[PDB]
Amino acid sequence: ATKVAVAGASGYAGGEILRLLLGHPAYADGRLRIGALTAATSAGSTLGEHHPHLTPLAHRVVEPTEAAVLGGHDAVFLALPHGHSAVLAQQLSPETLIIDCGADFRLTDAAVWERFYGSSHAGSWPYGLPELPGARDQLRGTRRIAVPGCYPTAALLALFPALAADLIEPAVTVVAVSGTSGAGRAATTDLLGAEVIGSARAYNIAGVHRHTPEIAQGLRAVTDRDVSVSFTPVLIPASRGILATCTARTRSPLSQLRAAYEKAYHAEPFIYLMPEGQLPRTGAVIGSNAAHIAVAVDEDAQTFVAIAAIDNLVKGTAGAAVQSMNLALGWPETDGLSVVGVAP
């Protein structure tokens, strides 16, 4: 049996991990058990006060996020996508399966880390994006998982097959729209409903967003050419969803680009290549662990266009974490993870 703790249970990523665990077949047959649920504030409150959608766990008392509380759990989700978990991870029993939703163990270049995060690089753990070349093998039986960022998940799935096949130039452009749950649950004026509803805005533009080097790192793993990444995130008035529009120069026939996506994804159950003449929409993947992808060539502009839609909280965060957890535990990789969206 695997007893699971969720640190940061009261945030959006933590609530979504718990939603997926409650629906997981190992929860139903007793193999997966939900233990301590912790938060940095509001210890002593009940979970229902934070996540009224999780009624089977409503009565659970939130505990402080402390190593002692997290002891005795075979797996610990560090559900702080915008936090720094290196210090807490060091405090846990090292045989624990530690699944970090944050960034501390994602990057593999210490100088890049220090430039973008302002601290000493902690190192890296197996990246929880099983569809990326070579990634699945590193996750089988791992006791450490670095969950990818939500935007890099969409951009890498959209772009890596074309670049791996050397069919596009290695200077890529990504403009990705995101619902606001990706910002997490910390209350700020700029994330208030009145501000977000009816409005769209780019933010952290022109290379300052910390997911820029994460996209570059994933792409550099499938090519030896010099990769550059122009990444612009755009907040839109939705709660969930990322639609990444990804471009690069190309002079390759569309059919050869489509063949590269076929080769990458034909046997990947969470990656859906759109039928000819269809394009992804985030509405179709909400609540699912799926990515819907379409590709095209703008011949006049000599530009490849790849569109990818994911649910930022599922395939971009908690679904990635659970998918990687399945691989870590030797369980069927698709367990608990639907490809069917909740639409409209």
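Only the largest set of C-alpha atoms that superpose within 1.5 Å between the two forms is called the rigid core. When you see a residue number, it is the position in the sequence shown, counting from 1.
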item: Between stretches 42-50 and 288-296, more displaced by Cα RMS in 7 other deposited structures of this protein (rigid core superposition); value: 42-50
item: Between 77-85 and 195-203, larger RMS Cα displacement in 7 other deposited structures of this protein after core fit; value: 77-85
item: Entry-level comparison of average CA B-factors, 157-165 and 83-91, reporting the higher stretch; value: 83-91
item: Mean C-alpha B-factor comparison - 329-337 and 316-324, higher one; value: 329-337
item: Residue with highest C-alpha B-factor in the PDB entry, from 214, 131, 137, 104; value: 137
item: Most elevated Cα B-factor in the entry, residues 260, 274, 76, 206; value: 274
item: CA B-factor placement of residue 253, once the chain's modelled residues are sorted into thirds; value: middle
item: Residue 282 - which third its CA temperature factor falls in, relative to the rest of the chain; value: middle
item: Cα B factor band for residue 150 (lowest, middle or highest third within the chain); value: middle
item: B-factor third for the C-alpha atom of residue 43 within its chain; value: highest
item: Residue 298 - which third its CA temperature factor falls in, relative to the rest of the chain; value: middle
